[PDB]
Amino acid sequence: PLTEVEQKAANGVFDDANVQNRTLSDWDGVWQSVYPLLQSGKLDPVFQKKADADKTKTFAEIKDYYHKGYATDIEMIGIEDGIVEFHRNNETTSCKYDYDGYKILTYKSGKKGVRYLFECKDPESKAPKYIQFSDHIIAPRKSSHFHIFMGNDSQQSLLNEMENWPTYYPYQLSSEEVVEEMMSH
């Protein structure tokens, strides 16, 4: 239903006074890394239509951007009931994360983002200690796909990465369904 104002927001325009707190369950769902769709060339039409409206960019450099961009080996995230399970190699880790606010970011492009931060306070879980969802939303609302940044250093390091953003769409969707979305977008 996306409003028109929620849309200048997704594009990185918003007043820092409009961001609001979100909860872990904006991101409940079972979810699939779109990386394998990069790798089998399933996403090219996206990177195509994009070099078609960017004269600074060739199909080549765009693809290379999303390659470095989506690379993860967390194949699959499942989030539900306060817990986040990561699937890397026929083995999950999970942890009951705790909301720890949001950082507002301004990118080198003058453009802005909000990372909604969480942390694992479980001594006994083996999940990443620090996670940050960023999903182009600034206020409570169910995600449609998201970037998650994850690490065990601090929050600030993650805040520092602009290089990698493993990107997740819902498991329901077909490859055909995923690309469709990244165009109508």
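Residue numbers here begin at 1 and follow the sequence given. Here the rigid core means the biggest group of C-alpha atoms that line up within 1.5 Å when the two forms are laid on top of each other.
- Comparing the two stretches 57-65 and 131-139 by root mean square C-alpha distance in 6 other deposited structures of this protein, with all structures fitted on the core, the more displaced one is 57-65.
- Here the rigid core sets the fit, and in 6 other deposited structures of this protein the C-alphas of 43-51 stray farther than those of the other stretch, out of 43-51 and 117-125.
- Set 139-147 against 53-61 and average the Cα temperature factors; 53-61 ends up higher.
- Averaged over CA atoms, B-factors in the entry run higher in 84-92 than in the other of 84-92 and 71-79.
- When the modelled residues of the chain are ordered by C-alpha B-factor, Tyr66 sits in the middle third.
- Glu124: CA B factor lies in the highest third for its chain, per the PDB record.
- Placement of the Cα temperature factor of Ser175 within the chain: middle third of the modelled residues, per the deposited record.
- In the PDB entry, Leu43 places in the middle third of its chain by CA B-factor.
- Residue-level temperature factors show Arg115 in the lowest third of its chain, judged at the C-alpha atom.
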